[PDB]
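Have a look below at one chain only, the form deposited in one PDB entry, in structure tokens format.
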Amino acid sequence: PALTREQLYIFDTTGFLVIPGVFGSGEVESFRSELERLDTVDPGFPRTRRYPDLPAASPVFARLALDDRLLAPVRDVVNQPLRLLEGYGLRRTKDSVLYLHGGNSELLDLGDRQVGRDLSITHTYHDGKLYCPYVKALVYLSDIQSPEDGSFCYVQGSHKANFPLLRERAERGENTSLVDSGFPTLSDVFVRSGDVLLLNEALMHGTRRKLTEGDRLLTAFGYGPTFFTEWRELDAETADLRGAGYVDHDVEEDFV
């Protein structure tokens, strides 16, 4: 089914939505086992690792990327001809962290000028519909019920912020992450296996430092309009203007 009125209200106002129990106990086990099989095929990765391009690596994840349980809520917040921009898995262990990234008005130095909009996450609303160009559906494969489990955390209302947060911090001499220091509007989200966290990538977000033992697991699928390119990092515009990909604005990794 489609997103209810209350769910749209929440995604609009908070920049994300947890849809509980989307995938059952059995499907979740099947997703975990498929990641274990990928470890067997190509051994020798670090224990904290990324699983790039899952739909190509596994027909199980190719189906999950097109599963209507993801696509229907995704269509409801994107409302454009839809394209799969990326699909990857994340395995994390003790002492891993993910610093804050995203945020609506963070700065980027554009050679001869500095800009405070990123049109890959700049979203709007029109005649009863959200239009968010880059959203992500995070399918959790393990329970994350405490901050020391490495819980997803986010800065309240940062998906619609008009002021930059991180440039001031970098030029101030800061060298620690807000996910460690704390911030008056930084909040945690707890989830179960099989939950989907539907995310406006405009939202400034990250995770806490994982302190507990055990493998923290998810699969992430990014979607946007058919005219966006598949996700690829790009350090800068290239001189012949044929460079393609995504140039991040200020993120905590730049100075933490």
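Whichever C-alpha set is largest while still superposing within 1.5 Å between the two forms counts as the rigid core. So that there is no doubt, residue numbering starts at 1 and follows the sequence shown. Only residues modelled in both forms are compared.
**Q** Check whether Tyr223 has no coordinates in at least a third of the other compared PDB entries of this protein, counting only entries that model residues on both sides of it.
**A** no, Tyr223 modelled in all other entries.
**Q** Compared with other deposited entries of this protein, is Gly173 missing coordinates in at least a third of those that cover its neighbours?
**A** Residue status for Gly173: gap in at least one third of the other entries.
**Q** Hey, which bit's got the bigger mean C-alpha B factor in the entry, 64-72 or 39-47?
**A** Taking the mean C-alpha B-factor of 64-72 and of 39-47, the larger value falls to 39-47.
**Q** Would 173-181 or 99-107 have the larger average of its C-alpha temperature factors, as given in the entry?
**A** Averaged over C-alpha atoms, the B-factors run higher in 173-181.
**Q** When the CA B-factors of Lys136, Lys94, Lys160, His126 are compared as recorded in the entry, which is the largest?
**A** Of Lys136, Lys94, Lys160, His126, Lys94 has the highest C-alpha B-factor.
**Q** Comparing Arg167 with the other modelled residues of its chain, is its CA B-factor in the lowest, middle or highest third?
**A** It falls in the middle third of the chain.
**Q** Sort the modelled residues of this chain by their C-alpha B factor and say whether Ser146 lands in the lowest, middle or highest third.
**A** Tercile = highest for this residue's CA B-factor.
**Q** Ranked by Cα temperature factor within the chain, is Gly224 in the lowest third, the middle third or the highest third?
**A** Lowest third.
**Q** Just say lowest, middle or highest third for the CA B-factor of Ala57 relative to the other modelled residues in its chain.
**A** As the PDB entry reports it, the C-alpha B-factor of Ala57 lands in the highest third of its chain.
**Q** Lowest, middle or highest third: where is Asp12 by Cα B-factor in its chain?
**A** As the PDB entry reports it, the C-alpha B-factor of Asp12 lands in the lowest third of its chain.
Beyond the structure shown, there is the form deposited in another entry, which is absent from this document and is the topic of what follows.
**Q** After the core is superposed, which of these residues, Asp42, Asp68, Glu36, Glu213, moves its CA 2 Å or more between this form and the one not shown?
**A** With the rigid core fitted, the residue that moves is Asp42.
**Q** Out of closer and farther, which fits the Cα atoms of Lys210 and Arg47 in the other entry compared with this form, where the change is 3 Å or more?
**A** Those two alpha carbons end up closer in the other entry.
**Q** Once you account for a change of 3 Å or more, let me know if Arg208 and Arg47 sit closer or farther in the other entry, using their C-alpha atoms.
**A** Those two alpha carbons end up closer in the other entry.
**Q** Which consecutive stretches of at least 3 residues differ between this form and the one not shown by 2 Å or more at every CA, rigid core held fixed, listed in sequence order?
**A** After superposition, only residues 39-48 shift as a run.
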